[PDB]
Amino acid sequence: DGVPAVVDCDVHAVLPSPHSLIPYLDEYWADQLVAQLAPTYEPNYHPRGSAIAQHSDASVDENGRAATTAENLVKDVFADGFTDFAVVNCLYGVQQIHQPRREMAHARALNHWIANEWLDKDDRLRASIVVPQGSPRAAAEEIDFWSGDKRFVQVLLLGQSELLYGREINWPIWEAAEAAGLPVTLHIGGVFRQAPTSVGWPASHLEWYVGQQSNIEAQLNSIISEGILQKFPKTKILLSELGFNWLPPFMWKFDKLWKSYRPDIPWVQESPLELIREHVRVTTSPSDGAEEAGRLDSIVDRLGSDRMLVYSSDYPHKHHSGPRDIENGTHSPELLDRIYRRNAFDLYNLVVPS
C-alpha cells in the first residue's frame, strides 16, 4: 500500500558552533571542548561567505546564516508545499578530527543533535547518520546504535576517504548498513588525509569542487571491484551533490575493462553497467547543465537507466540552476515522476502521509 512521496534527498543542517554539541558529550569530552577554546571543525566544502553557501532568498538566523535551525530550514524547504520529506545531511567535519576517540564522540553528539533538535521538531525531516570514518568498526557501531530510530534513513560518507571504501578495512560500514537496511551515501567533501587529486592540491575551491567527481569514479570502481555488491547484495549507494553527467563515460570504460580483466575480479559476474544501474542512485542538485533543453532526456540515454536520478534541492546551497529547472531538460512526464518520487522510493520507502 502507498504512493511514493516526493523526497528531497539532500538538504543540509549547519551546526551553529562546536558549542552546540556540549549538551550531548560525556563530562570528559565536554570539559575538553570548553577547555580547547572550542576549535570549530566547520568544513571548507561550501565556504561560509562564498556564493554557493546560501541563497539570497533563504531565511537566516541571528548572525545571518541559513540552515542553523530546523525552524528556518522547514520554513523554506516546505514553503510551496511540493516537498513531502527532506533528507538532512549535516556536514560538520567530525570526520577530520584526527583524535580517533574524539571523532567517535563528536560523531555521536552530532547525531544526537540532529535527532533531538531537528528530527524531534518536524515529522517531515529525515537524516543520514554521521559516522566516525577514521575507525570503521566504531562507525559500524554508530550505525547499529541508530538502527533503531527509523527516522535515520541512510549512512553518510565523504566523497574523499582515507582508503577507498572497497578496501576490506571499510567492510564493517557496508555490513552495518546492510544489516540496518540503510543505503550508504557519498556526499561531496573529504577527510583530506591526502591531496584531493592524483596530482596534488587544487589551488582554488572552484577547482576542488568541480574536480571531486574524479574521486567518486575511484570509489565506485573500488566498491564494485573489491566485491561489496556480492558480499552485501542489498547495498544501495546514493551519490549526493556530486553531479551525474560524468557517469556514462565512466561506466562504459569500466564495462570495457571488466570484459578485459574478468578473471581478476571473478566474483563480479554481472556487468558493472548493470550493477551501477541497479545499486547506485544520485541526486539532481547540481544538475550541471542537464537542466538545459533536451540534456536531461539525453543523460538518461547515456546512463541507460531511468531508475538512477533522485530529486534534490541541496538546500541551502546556491547553484546555477534551481531545484525544479531539471524540468527544462525533458519532454517526458514519466521520467519526472521517477525522479521526484519513484526512484527515491527505492532508497527509503517513504509514501505520502496524511
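Start at 1 with the first residue shown and count on from there.
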Legend entry - Mean C-alpha temperature factor, higher of 214 to 222 and 143 to 151: 143 to 151
Inset, instruction - Quick one: say whether 159 to 167 or 250 to 258 has the higher mean Cα B-factor in the deposited entry. - result: 250 to 258
Inset, instruction - Check the PDB entry and point out which of 227, 200, 190, 183 has the largest C-alpha temperature factor. - result: 200
Legend entry - Chain-relative CA temperature factor third for residue 321: middle
Legend entry - residue 79 CA temperature factor, ranked by third within the chain: highest
Inset, instruction - Among all modelled residues of this chain, ranked by Cα B factor, put residue 23 in the bottom, middle or top third, i.e. lowest, middle or highest. - result: middle
Inset, instruction - Please rank the C-alpha B-factors of the chain's modelled residues and tell me whether residue 89 sits in the lowest, middle or highest third. - result: lowest
Inset, instruction - Consider only the C-alpha atoms of the modelled residues in this chain, order them by B-factor as the entry records it, and name the third containing residue 132: lowest, middle or highest. - result: lowest
